[PDB]
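Protein chains in written order, with the numbering used here: chain P, 14 to 401; chain W, 14 to 401; chain D, 14 to 401; chain C, 14 to 401. Virtual Cβ for every residue (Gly too), placed ideally from N, Cα, C. The structure appears below as structure tokens.
4 protein chains.
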Amino acid sequence: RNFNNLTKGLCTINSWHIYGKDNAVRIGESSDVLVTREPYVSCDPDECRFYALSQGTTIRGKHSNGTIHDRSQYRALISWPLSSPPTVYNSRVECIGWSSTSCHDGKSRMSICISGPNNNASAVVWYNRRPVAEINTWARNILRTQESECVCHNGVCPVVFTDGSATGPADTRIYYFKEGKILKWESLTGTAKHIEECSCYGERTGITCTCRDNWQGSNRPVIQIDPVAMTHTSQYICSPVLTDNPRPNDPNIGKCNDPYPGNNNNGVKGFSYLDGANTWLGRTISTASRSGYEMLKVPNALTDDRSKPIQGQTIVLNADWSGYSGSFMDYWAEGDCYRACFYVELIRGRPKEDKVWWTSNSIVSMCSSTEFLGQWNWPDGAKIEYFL
Amino acid sequence: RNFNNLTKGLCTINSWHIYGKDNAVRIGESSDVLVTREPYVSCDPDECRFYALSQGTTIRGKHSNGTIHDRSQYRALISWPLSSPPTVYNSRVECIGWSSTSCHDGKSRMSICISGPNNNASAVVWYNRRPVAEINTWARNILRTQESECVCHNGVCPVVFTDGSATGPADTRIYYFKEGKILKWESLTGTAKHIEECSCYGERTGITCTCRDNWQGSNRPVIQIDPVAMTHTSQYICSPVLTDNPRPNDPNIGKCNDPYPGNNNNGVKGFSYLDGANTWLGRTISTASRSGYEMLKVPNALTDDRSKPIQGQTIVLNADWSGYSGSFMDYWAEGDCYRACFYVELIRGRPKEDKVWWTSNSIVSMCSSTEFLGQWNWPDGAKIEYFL
Amino acid sequence: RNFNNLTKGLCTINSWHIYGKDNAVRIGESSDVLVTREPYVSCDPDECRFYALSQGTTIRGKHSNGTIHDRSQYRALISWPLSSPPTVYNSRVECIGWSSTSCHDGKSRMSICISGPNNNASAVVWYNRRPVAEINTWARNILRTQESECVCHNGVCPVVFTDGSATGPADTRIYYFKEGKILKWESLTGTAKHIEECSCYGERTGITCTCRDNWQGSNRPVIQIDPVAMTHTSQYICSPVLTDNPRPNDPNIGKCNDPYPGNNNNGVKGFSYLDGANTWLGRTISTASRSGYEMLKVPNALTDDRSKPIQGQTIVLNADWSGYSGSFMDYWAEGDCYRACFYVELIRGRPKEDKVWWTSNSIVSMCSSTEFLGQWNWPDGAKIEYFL
Amino acid sequence: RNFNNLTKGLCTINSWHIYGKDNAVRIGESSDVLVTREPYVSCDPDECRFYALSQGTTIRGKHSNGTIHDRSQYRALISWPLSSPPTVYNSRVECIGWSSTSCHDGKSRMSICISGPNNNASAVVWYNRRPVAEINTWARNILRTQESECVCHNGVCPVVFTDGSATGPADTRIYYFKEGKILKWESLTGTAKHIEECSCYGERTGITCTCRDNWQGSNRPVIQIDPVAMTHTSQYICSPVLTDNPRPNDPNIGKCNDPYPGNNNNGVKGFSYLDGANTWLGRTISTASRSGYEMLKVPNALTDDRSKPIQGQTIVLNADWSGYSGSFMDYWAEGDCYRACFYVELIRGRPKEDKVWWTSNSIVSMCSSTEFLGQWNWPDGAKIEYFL
Ligand SMILES: *[C@@H]1O[C@H](CO)[C@@H](O[C@@H]2O[C@H](CO)[C@@H](O[C@@H]3O[C@H](CO[C@H]4O[C@H](CO[C@H]5O[C@H](CO)[C@@H](O)[C@H](O)[C@@H]5O)[C@@H](O)[C@H](O[C@H]5O[C@H](CO)[C@@H](O)[C@H](O)[C@@H]5O)[C@@H]4O)[C@@H](O)[C@H](O[C@H]4O[C@H](CO)[C@@H](O)[C@H](O)[C@@H]4O[C@H]4O[C@H](CO)[C@@H](O)[C@H](O)[C@@H]4O[C@H]4O[C@H](CO)[C@@H](O)[C@H](O)[C@@H]4O)[C@@H]3O)[C@H](O)[C@H]2NC(C)=O)[C@H](O)[C@H]1NC(C)=O
Ligand SMILES: *[C@@H]1O[C@H](CO)[C@@H](O[C@@H]2O[C@H](CO)[C@@H](O[C@@H]3O[C@H](CO[C@H]4O[C@H](CO[C@H]5O[C@H](CO)[C@@H](O)[C@H](O)[C@@H]5O)[C@@H](O)[C@H](O[C@H]5O[C@H](CO)[C@@H](O)[C@H](O)[C@@H]5O)[C@@H]4O)[C@@H](O)[C@H](O[C@H]4O[C@H](CO)[C@@H](O)[C@H](O)[C@@H]4O[C@H]4O[C@H](CO)[C@@H](O)[C@H](O)[C@@H]4O[C@H]4O[C@H](CO)[C@@H](O)[C@H](O)[C@@H]4O)[C@@H]3O)[C@H](O)[C@H]2NC(C)=O)[C@H](O)[C@H]1NC(C)=O
Ligand SMILES: *[C@@H]1O[C@H](CO)[C@@H](O[C@@H]2O[C@H](CO)[C@@H](O[C@@H]3O[C@H](CO[C@H]4O[C@H](CO[C@H]5O[C@H](CO)[C@@H](O)[C@H](O)[C@@H]5O)[C@@H](O)[C@H](O[C@H]5O[C@H](CO)[C@@H](O)[C@H](O)[C@@H]5O)[C@@H]4O)[C@@H](O)[C@H](O[C@H]4O[C@H](CO)[C@@H](O)[C@H](O)[C@@H]4O[C@H]4O[C@H](CO)[C@@H](O)[C@H](O)[C@@H]4O[C@H]4O[C@H](CO)[C@@H](O)[C@H](O)[C@@H]4O)[C@@H]3O)[C@H](O)[C@H]2NC(C)=O)[C@H](O)[C@H]1NC(C)=O
Ligand SMILES: *[C@@H]1O[C@H](CO)[C@@H](O[C@@H]2O[C@H](CO)[C@@H](O[C@@H]3O[C@H](CO[C@H]4O[C@H](CO[C@H]5O[C@H](CO)[C@@H](O)[C@H](O)[C@@H]5O)[C@@H](O)[C@H](O[C@H]5O[C@H](CO)[C@@H](O)[C@H](O)[C@@H]5O)[C@@H]4O)[C@@H](O)[C@H](O[C@H]4O[C@H](CO)[C@@H](O)[C@H](O)[C@@H]4O[C@H]4O[C@H](CO)[C@@H](O)[C@H](O)[C@@H]4O[C@H]4O[C@H](CO)[C@@H](O)[C@H](O)[C@@H]4O)[C@@H]3O)[C@H](O)[C@H]2NC(C)=O)[C@H](O)[C@H]1NC(C)=O
Ligand SMILES: CCC(CC)O[C@@H]1C=C(C(=O)O)C[C@H](N)[C@H]1NC(C)=O
Ligand SMILES: CCC(CC)O[C@@H]1C=C(C(=O)O)C[C@H](N)[C@H]1NC(C)=O
Ligand SMILES: CCC(CC)O[C@@H]1C=C(C(=O)O)C[C@H](N)[C@H]1NC(C)=O
Ligand SMILES: [Ca+2]
Ligand SMILES: [Ca+2]
Ligand SMILES: [Ca+2]
Ligand SMILES: [Ca+2]
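See below:
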């Protein structure tokens with residue numbers, strides 16, 4: 014087997030087709046389905062799987078009580094077959110912790126999980142299902158990482174980490190791993206002022222990450238990584254089509270090098286594909302809460318501070334709960350281009366649905382089509398009253 | 014591995030032997046068994062599996078309430094090991110949607126699922142577990158396909174699709190795929206006046222599909238496909254042994270080129286093996302409802318409008334519920350001939366059993382024997398009262 | 014891969030060690046464990062598995078009600094990993110039916126299941142997980158077979174079948190299969206007067222089967238099969254140590270060529286290893302019912318009508334329920350000899366425990382040791398009151 | 014494949030990172046999780062798995078009542094995927110019995126299970142999933158072994174056994190196996206006065222086992238084994254940092270060649286890594302009961318009767334229940350050194366929590382880091398009240 018190289022461009026995105034959906038909460042009403050949050054999708058050369066942070070209990074289990082909590086000793090990164098739900102009997106534990114990323118380099122998979130108390134957290138880097146390297150907290154304030162897949166080129170897999178305040182200046186680092194070993198790390202440079210939960214994808218130009226400014230900005234920070242030189246730059250998406258949540262209404266001029274103001278100390282993990290005229294942005298439909306999800310085609314969104322949508326597709330209706338979203342691609346698929354994909358976390362339970370005492374989610378995922386396909390909407394589909 | 018070629022004739026059919034049965038509803042009374050409908054069977058070169066459309070809930074789950082509904086966002090084509098039931102923990106999702114077909118070409122499996130609202134549905138074609146091609150609705154009225162396996166020759170896999178009215182003239186197309194890519198499609202030609210849910214099988218002469226005229230006819234439409242030239246013809250089974258349900262009583266003269274009248278705007282998916290003197294037809298025993306199932310040997314049924322049975326075999330008693338039926342064969346079996354097989358969907362719950370709020374099914378399947386074997390009958394076997 | 018040849022003798026049997034035990038009824042009190050009966054054990058070249066006839070329901074399921082019944086459309090031969098219980102999610106269906114045998118020939122596994130009504134039953138012979146040959150009833154009275162593994166030599170696998178009365182003269186046949194095809198069959202010859210449920214094992218001398226005379230005899234019939242010439246002989250175990258159940262007390266002179274009288278129209282499946290001075294017989298401890306199990310070393314039991322035990326080992330206490338027993342060996346194990354093994358079916362529920370409405374079992378199995386090992390006893394271990 | 018050779022030293026231990034945790038009791042509150050005790054961890058060349066002694070029932074099952082009991086016919090050594098819980102559907106039975114060890118030699122795995130009544134117990138040695146050799150009790154008083162993994166060098170796998178009194182002089186033997194065959198055994202020599210439940214690890218110097226003196230000593234006995242010459246020596250850990258439980262308070266002078274007095278007729282399975290200045294000892298935090306767990310760096314603990322800690326790490330808070338602990342390493346990992354690992358059994362239920370009628374456990378495991386990582390604490394995490 015050989016290391017995968019990023020040698021293709023993105024396929025032209027004219028619409029999005031359904032890729033996967035696990036209906037986990039519906040099924041977990043009467044099955045041994047693990048409580049999760051922070052899901053994602055990641056491909057091996059022979060298989061694509063769903064990933065998430067388990068809470069170490071099933072939904073019907075009494076220990077689901079209190080699972081709105083983020084960081085406990087009972088969490089772990091699990092993976093399971095595409096569009097199956099995460100069950101006790103089919104979920105594979107990748108590592109123990111409450112913040113994670115994972116990616117295949119063409120030869121083997123690297124998985125990273127962070128665990129610990131707020132002031133003493135540490136990352137363990139697994140490669141080919143064995144622990145290889147460990148990284149101690151550098152700011153002693155919740156060391157944390159992407160919550161979606163990383164991307165590799167010629168064996169080098171960059172990962173974005175943050176340690177420090179979630180509502181002020183923090184210490185973000187980009188690490189470059191190979192076979193789980195640390196080749197290099199560097200402090201964040203560029204004009205992004207705060208970085209959380211980067212969603213990344215790779216193509217021939219390099220690796221692109223769209224992140225979450227949890228401090229002052231409702232536009233999204235972008236980090237662009239050269240995996241060969243192992244260097245990066247950062248800025249914001251220039252477009253006035255703002256894609257964080259909550260957020261102000263869309264103005265007519267965006268901000269390329271500073272946070273767009275109006276909403277502070279909150280946000281949601283999200284993603285974009287930035288590819289000139291082939292640029293598509295994801296966002297919640299609501300500006301106030303994690304409900305709805307849409308994709309909008311916004312030409313040159315990265316660089317054009319006047320850019321507006323010329324096409325779009327509704328993924329989840331505003332009436333339905335959404336949540337985290339992130340990017341992934343099947344780098345091992347046949348063809349001359351990489352087909353853009355994404356997932357949306359469909360959060361059920363607390364805080365928005367507090368008649369139950371748990372918080373969990375299901376997953377919906379889509380990939381791009383060169384056809385102009387009809388659109389549906391894709392809700393979680395569970396009836397909360399059934400759990401009372 | 015090589016593409017499979019259709020190089021054999023059908024084995025002589027002198028009776029039918031039990032092949033598989035999953036007892037899904039019996040088991041699902043007290044196990045995590047997925048609610049399904051529209052099942053079928055399809056073989057890989059190394060394994061044969063059951064397939065069906067899950068409803069994204071177990072039978073005992075509260076979300077089974079309302080599963081008489083056909084098209085929701087919570088459906089998916091799943092597959093699972095022969096004669097096991099479709100459980101949450103053993104079912105593999107092939108793709109997301111509410112109408113499907115699937116077949117192995119000798120090298121890899123193609124699966125097609127259609128999803129969307131009635132006026133904006135789209136098919137995604139998967140090959141070797143990856144999405145490859147997409148087809149948007151052409152008539153904007155429930156794009157839909159076979160609900161049983163397709164058949165391949167030298168890598169070419171024809172599939173029958175319909176889009177448009179289910180009770181009037183519609184737009185039927187035959188698509189020819191190879192490795193999931195569209196080689197060609199063509200509009201339906203011939204004398205069949207309406208096409209739904211084709212059940213197909215292949216042999217050296219070509220591919221034969223027996224379908225459902227949901228409009229005016231109670232005889233079944235037949236499409237005969239040449240997978241090399243990628244062309245087809247269509248007509249009806251000429252025999253006065255009528256095999257749709259509901260249906261008029263058997264007359265003494267059938268219709269080769271037009272619907273046999275008496276019952277409109279309904280029908281059921283079914284199948285036949287049309288092979289001269291080796292011809293066998295399947296049908297429900299009842300002329301009014303989906304109950305019972307029998308196989309009847311009717312020589313030259315395809316071409317002889319006077320043909321009557323000379324032999325038969327009861328599969329399911331008239332006292333027991335049946336449902337959809339379709340054809341499949343193990344093209345990779347040893348020997349000088351292809352052994353004809355079929356499945357019968359045994360529907361339980363609504364609309365016929367409305368004391369429960371769900372609709373599901375189990376599966377029974379048979380293959381042909383050159384012996385004259387004794388016959389049994391094969392009911393679903395669940396006691397509905399247990400679910401109250 | 015090559016066909017296995019029977020080239021070794023039996024290992025010297027000085028005691029028996031625990032081999033496997035699934036505790037199925039204990040576990041099935043609170044797990045999705047299938048109701049079964051008629052279990053056995055059979056080895057592949059790379060794995061050994063438990064086998065049994067499922068009743069198509071779990072024990073806690075309401076459909077377990079009435080499972081004392083022998084022959085329904087909901088039964089199937091299943092196999093599952095050694096010492097695991099037969100669960101809905103781990104059991105592999107081998108074929109559909111209510112009487113079975115199975116064995117590996119070194120290259121692939123043959124499995125045979127019989128299904129049908131009493132007067133029209135038929136066997137389907139599966140080889141390498143595909144149906145290959147079918148055999149219709151010849152006496153129209155419950156065609157039936159071994160209920161434990163068959164044995165193969167150089168690809169030839171003999172199987173004993175009976176069709177006809179269970180309480181009078183019947184039509185027993187020995188079939189010789191290769192790759193699932195019928196090479197030959199022959200009517201029973203020799204002095205055995207009635208044959209049921211043969212337990213067989215192979216070694217360099219040939220294949221030895223110990224069966225159940227359900228008509229007049231409480232000594233066990235023996236069939237000795239030459240798998241090369243494809244011929245056989247039959248007689249009874251000469252020893253006055255009688256091993257059927259129920260049975261008279263042990264006399265001082267046995268019967269080699271006729272049934273030992275006293276008990277009619279009943280019996281139980283059992284086994285023996287007949288190997289000169291290395292001869293061991295299994296039997297229930299009770300002479301009246303299926304309770305207890307012991308192994309007794311009885312030199313030349315096959316040929317010596319005065320032979321008595323010189324050593325023994327208790328397997329299950331008389332206070333605990335037993336049931337069917339049969340032989341198997343791991344023909345693919347390392348060494349210069351074949352290690353004798355057996356299983357005992359531990360029946361729980363009806364008819365003996367009628368406070369529950371079901372009948373099921375667990376399995377215990379042992380293999381021989383050349384050491385003189387201490388003995389334990391091995392009960393099913395479930396508390397029936399827990400199921401009320 | 015080749016036999017593994019112990020050719021490396023231990024990696025430098027500067028802290029411990031989380032390796033695995035199954036949260037079994039939390040999950041088993043509402044899932045089919047087997048009741049267990051005496052767990053451990055052991056690696057194959059391609060996978061690492063959790064191991065334990067099942068009680069042949071799930072926790073929610075009524076048969077969990079009375080599982081404080083040590084030795085029944087319903088126990089078996091099971092293994093299951095790393096950090097998954099031991100479920101009915103994912104647990105693989107290695108052998109039947111109530112005391113065990115297991116290890117991979119580089120080619121195949123050897124597993125040993127002991128079963129029987131107190132006065133007639135016997136060990137069966139499995140190699141490559143087949144029984145190979147058997148060992149009868151020599152002292153007729155609960156033949157018993159390590160309860161954690163053994164270690165192999167060039168195919169030779171030493172195992173420590175004890176037979177006889179648990180509260181007085183007993184007959185301890187060291188057996189040397191290869192491919193499951195007994196190469197040699199020898200009676201215990203050296204100054205250790207009583208040996209139970211040895212935890213072992215291997216490196217280039219040889220095999221080191223830290224055991225439990227259940228008779229008079231609260232310091233731990235050590236057996237050092239040369240797997241090439243197949244000889245051993247024994248003594249105690251000289252350090253006054255006492256590591257058995259219960260135990261006296263730490264004095265300032267330890268005992269190298271006799272039990273340190275104060276606590277009699279009790280103890281707990283534990284472990285240490287004895288490696289000069291790289292020496293780390295594990296122990297419960299409490300001196301009275303199995304609660305808490307800590308690792309302490311104690312230079313030359315084996316040989317220095319004045320040695321005290323210079324570094325440490327809390328694993329489980331004193332407020333939380335612990336239990337057995339033992340050593341294992343991934344001998345097949347990449348690198349120039351063996352990374353020390355261990356597990357801690359987290360016992361829940363009886364005797365300490367008697368509002369429930371069962372006794373079970375979950376597992377936490379750690380490996381060493383050359384970094385100085387922040388520490389967390391790792392409780393079982395189940396709420397006992399949920400089970401009432
Ligand atoms: C079957 O399926 C198919 C396939 O899905 C369905 O077809 C799809 O239909 C949907 C729904 O209509 C479309 O999505 C919308 O797309 C438009 C963009 O396309 C329009 O505008 C284009 C650009 O026009 C501008 O430039 C051109 C020059 O290039 C110039 O000529 C023009 O005058 C103008 O200057 C047009 O090019 C385009 O026309 C083309 O396409 C037409 C079909 O759509 C076709 O008919 C034409 O002939 C031509 O070919 C078209 O006019 C998006 O603008 C829109 O997204 C906005 O609206 C939705 C609500 O619906 C909202 O959620 C979005 O967030 C967004 O609106 C917010 O953001 C804006 C930007 O900041 C802002 O300006 C808005 O005020 C609004 O802001 C508010 O809400 C947000 C979100 O909550 C909040 O954050 C803000 O603060 C604020 O509160 C949709 O994405 C698909 O594109 C279309 N697909 C295809 C292939 O056709 C079909 O309908 C289905 N059939 C059936 C029967 O159902
Ligand atoms: C153990 O197992 C074995 C193996 O399964 C069992 O043996 C089987 O038994 C079953 C049940 O009897 C048989 O199925 C029936 O087969 C007959 C056809 O065979 C008969 O007719 C043949 C043709 O005769 C015609 O042509 C010949 C010239 O070739 C001429 O000589 C003759 O006079 C006539 O002109 C005969 O050749 C054949 O004889 C042969 O076989 C005999 C054994 O069967 C043997 O004894 C003979 O010696 C000779 O070898 C035999 O006479 C089918 O006609 C029949 O199917 C009809 O009836 C069932 C109800 O039972 C119904 O459900 C079917 O739909 C069908 O009847 C409907 O359709 C007809 C056609 O339109 C119509 O005319 C009817 O009025 C009826 O229509 C009504 O109902 C339908 C359905 O609801 C509705 O849609 C309509 O609108 C309307 O309301 C059976 O399939 C097996 O063939 C047989 N198998 C074997 C190998 O023998 C055995 O019984 C078991 N043993 C025990 C102890 O149980
Ligand atoms: C730790 O574990 C070890 C290993 O398991 C335990 O040791 C085992 O202990 C058990 C239980 O005692 C033994 O099983 C019994 O074996 C005897 C046979 O061995 C005895 O007899 C031998 C033959 O003697 C005859 O020939 C010799 C010449 O060769 C001659 O010298 C002699 O006088 C006589 O003529 C002796 O050779 C043998 O001695 C040897 O072994 C001794 C140890 O056992 C040793 O001490 C000696 O020094 C010497 O080495 C020994 O005396 C079986 O006969 C017996 O089976 C019968 O009894 C049980 C009930 O216990 C019953 O269930 C059986 O069915 C059977 O009895 C029925 O059938 C008989 C035959 O028809 C009939 O005659 C009986 O009347 C009876 O029939 C009634 O019941 C049946 C069944 O319900 C019914 O069908 C009938 O109709 C009727 O109602 C046991 O199998 C093991 O052999 C022994 N193993 C070893 C390796 O030692 C040890 O105990 C454990 N330790 C502890 C502390 O627990
Ligand atoms: C983020 O995470 C990091 C990483 O985990 C955290 O840092 C860790 O913090 C923990 C907790 O403090 C430390 O564990 C303790 O380690 C000490 C040993 O280190 C101390 O002592 C060393 C030796 O000093 C001696 O020799 C030197 C010469 O070499 C001489 O100079 C000195 O004067 C003295 O003679 C020092 O070298 C060492 O200093 C170094 O490290 C310091 C950081 O720790 C640093 O600040 C210094 O600059 C320098 O670099 C340090 O002083 C252990 O002694 C201790 O274990 C004892 O105490 C715990 C309770 O806390 C107890 O459970 C243990 O069992 C043990 O105490 C029992 O046993 C003793 C031995 O018999 C006995 O003497 C005690 O009385 C006691 O006995 C009683 O209890 C037991 C158990 O119940 C019972 O059996 C008895 O009968 C009796 O009842 C801890 O293990 C880590 O080492 C440290 N790790 C690192 C890398 O720094 C950090 O805190 C986290 N951050 C935050 C914000 O939370
Ligand atoms: C601690 C900062 C971080 C980013 C803003 O908070 C998160 C936001 C959450 C959210 O906004 O839904 C859920 C996360 N699991 C969480 N990460 C951790 C490690 O707890
Ligand atoms: C929409 C037309 C179509 C064919 C008549 O209806 C079907 C008949 C059904 C039936 O007659 O049982 C069930 C089907 N799942 C269905 N197909 C879809 C896509 O909903
Ligand atoms: C029909 C005769 C046969 C042998 C005596 O009866 C059996 C005895 C039984 C028994 O004695 O327990 C159970 C069997 N499952 C059964 N076989 C069939 C095919 O029903
Ligand atoms: Ca923000
Ligand atoms: Ca019709
Ligand atoms: Ca009898
Ligand atoms: Ca002690």
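Notebook entry, point to check: If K21(D) sits next to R303(D), beta carbons under 8 Å apart, how far is it from one beta carbon to the other, in whole angstroms?
Noted result: With a Cβ gap of about 33 Å, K21(D) and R303(D) do not count as contacting.
Note to self: Could you check whether the Cβ of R39(W) sits closer than 8 Å to any Cβ belonging to chain D?
What the structure shows: yes
Checklist line | 6 Å CB neighbourhood of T185(W) in its chain, flanking five on each side removed | finding: Result list for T185(W): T175, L201, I208, in chain order.
Checklist line | ligand 11 heavy atom lying under 7 Å from the CB of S285(C) | finding: A distance criterion of 7 Å places the beta-carbon of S285(C) beyond contact range of ligand 11, judged by its closest non-hydrogen atom.
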